[PDB]
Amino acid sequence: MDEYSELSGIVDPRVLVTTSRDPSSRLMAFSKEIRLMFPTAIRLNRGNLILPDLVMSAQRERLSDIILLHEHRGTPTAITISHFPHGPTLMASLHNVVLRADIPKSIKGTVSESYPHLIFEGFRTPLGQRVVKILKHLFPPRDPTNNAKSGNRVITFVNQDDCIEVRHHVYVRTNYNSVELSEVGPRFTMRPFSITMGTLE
């Protein structure tokens, strides 16, 4: 048993995204694009909110995960993911952040918010499989029947050594054997550096 096995596949996660206090305009823009990756996420303006008051309210309302976005000198620098009610908590540093407007050939127009497929590539260690489990359960489960044939959106995590490249695309199945991708963004590199067994205070 682990923190996910009881409810995995039975309930949709309920995710909250927020930022450190006094966020830069760049951090706010990043937080909206992060929110858009997660179809059952809400985003809460940080305001003057004290983090223990925020965590307790999210616990009270039975949210399942919090995603907290940190920055330094105007650049997003870390991501904290904590699973409720009792853990675990993953922290990773952020690098090579590129917002949708700065991605050549990124889609323009509205992004359909269907439940995405996920791709995890290259997580060949117990540590890697632990990170996959934490990330995977931030997205709702999908219907298994004809899953391999339906959908139009995918979030992709590619692990090389200790870093994870993250991408977000919509796609059109143009034929039985061909697909066109349109990148939604953001792009970024995530480097996990802490996994603790509990939650935030």
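Don't overthink the numbering: it's just position in the shown sequence, from 1.
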> Which is higher on average in the deposited entry, the C-alpha temperature factors of 100 to 108 or of 69 to 77?
Replying inline: 100 to 108
> With respect to the recorded C-alpha B factors, which stretch has the higher mean value, 131 to 139 or 51 to 59?
Replying inline: 51 to 59
> Out of 177, 189, 19, 24, which residue has the highest Cα temperature factor in the PDB record?
Replying inline: 177
> Which of these has the highest Cα B-factor in the record: 155, 29, 42, 172?
Replying inline: 172
> Taking the C-alpha B-factors as the PDB entry records them, is residue 199 in the lowest, middle or highest third of its chain?
Replying inline: highest
>> Going by the CA temperature factor in the PDB record, which third of the chain does residue 124 belong to: lowest, middle or highest?
In response: highest
> By the record's CA B-factor, is residue 148 among the lowest, middle or highest third of residues in the chain?
Replying inline: highest
